[PDB]
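Single chain ahead, by itself, as structure tokens, in the form deposited in one PDB entry.
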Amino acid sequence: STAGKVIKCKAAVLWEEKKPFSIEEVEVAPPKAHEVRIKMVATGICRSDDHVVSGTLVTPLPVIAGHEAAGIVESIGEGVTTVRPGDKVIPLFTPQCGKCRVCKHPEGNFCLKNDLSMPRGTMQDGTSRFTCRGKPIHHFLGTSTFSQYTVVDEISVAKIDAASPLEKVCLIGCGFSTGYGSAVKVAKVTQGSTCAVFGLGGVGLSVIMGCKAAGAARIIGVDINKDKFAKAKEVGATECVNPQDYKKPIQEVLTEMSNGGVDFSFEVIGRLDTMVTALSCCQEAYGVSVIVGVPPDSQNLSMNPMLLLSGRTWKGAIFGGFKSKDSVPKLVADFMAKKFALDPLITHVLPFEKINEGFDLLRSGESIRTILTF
């Protein structure tokens, strides 16, 4: 009934850097071949969406940002085979074309069809489905979820359980999957292991959850904010450490605590000093450190390569290591089968029109995750 026609709707457009989002009436073109138009039901606010505002995640402006979300398919273009009008879906900010050597690779997930490396802010065909009073508006990571309606390429969407609570499983579009995958997939945490998690916001809590699912015996939470500790223990942390309580460097504290270094450490805050710290506190011979967050305006870090020469392994990933379209549905299936709870991560829920408020909660540190509802 709206199929094949322009939809007039509201979206949160960022017209310029360092400005609040403007709720604007926009037009959303019908989906072309192999494109999918989605009515949004919920979208989380992620740190990476704010990097667009700060200018640190360089991408074309004006933009409709947002990339952690869920909704319902409104319609499909020619040749779409993987979703149908009515399906519950999660947009995939990391695509899975299934053809490139990354998608072919049994370990790789950073599909070369991504728009993160060298952002164009378009659909795969190099155009935009968005206008604001006839002006073109750029897409973001092929998702653009801060809109009542969006069009994504088929390679950027996954069909999920028709019975999922979208207001919750939207977290699987970024924050949860990223954390949880870091443990379960990238690091491959083993049973009886000792883990250390640097940063206890939403993505850190999700690492803790993955470490617990993997059967870690000790999960050491590390953050300078004490108030973060209760929820960390509530989701699986055995102990919590505030570095400001100590007179010695924190990697020494953690090495002592773990009788000569942890099995797996995770940097989830995105700071250069804590990255090196995290690597050092893991056991010199067989320790693994995983880099989860970054600052997209990153300087270089400075590290001593002897930390690696003893036998350490240092690594990062995007989207928790997960091949996106393959994994998103099983993660929802797991939630549905109650293998893990998402409610501990949701601290604030706001209507979409109060997006700017939600970003204030994010910028201030007062929320773990704000979910916006359409």
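What we label the rigid core is the largest C-alpha set whose atoms superpose within 1.5 Å from one form to the other. So that there is no doubt, residue numbering starts at 1 and follows the sequence shown.
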Worksheet, complete the sentence: Ranked by mean Cα B-factor in the entry, 328 to 336 and 345 to 353, top stretch is 328 to 336
Worksheet item: Comparing 297 to 305 with 119 to 127, which stretch shows the greater average C-alpha B-factor in the deposited entry?
Response: 297 to 305
Worksheet item: Which one, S75, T150, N114, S206, has the peak C-alpha temperature factor per the PDB entry?
Response: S75
Practice prompt. Could you tell me which one of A65, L57, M40, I45 shows the highest CA temperature factor in the PDB record?
Written response: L57
Practice prompt. Would you mind checking where the Cα B-factor of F229 ranks among the modelled residues of its chain, as the lowest, middle or highest third?
Written response: highest
Item to complete: Please rank the C-alpha B-factors of the chain's modelled residues and tell me whether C282 sits in the lowest, middle or highest third.
Response: lowest
Item to complete: Divide the modelled residues of the chain into thirds by Cα B-factor and specify which third, lowest, middle or highest, holds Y246.
Response: highest
Worksheet item: Can you tell me which third, lowest, middle or highest, the CA B-factor of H139 falls into for its chain?
Response: lowest
Discussion item. Sorting by Cα B-factor within the chain, modelled residues only, which third would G316 end up in: lowest, middle or highest?
Written reply: lowest
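A second form of this protein, the form deposited in another entry, is not displayed here; the remarks below concern that form.
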Item to complete: After superposing the two forms on their rigid core, pick out the one entry in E234, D125, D297, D161 with a CA shift of 2 Å or more between the shown form and the other one.
Response: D297
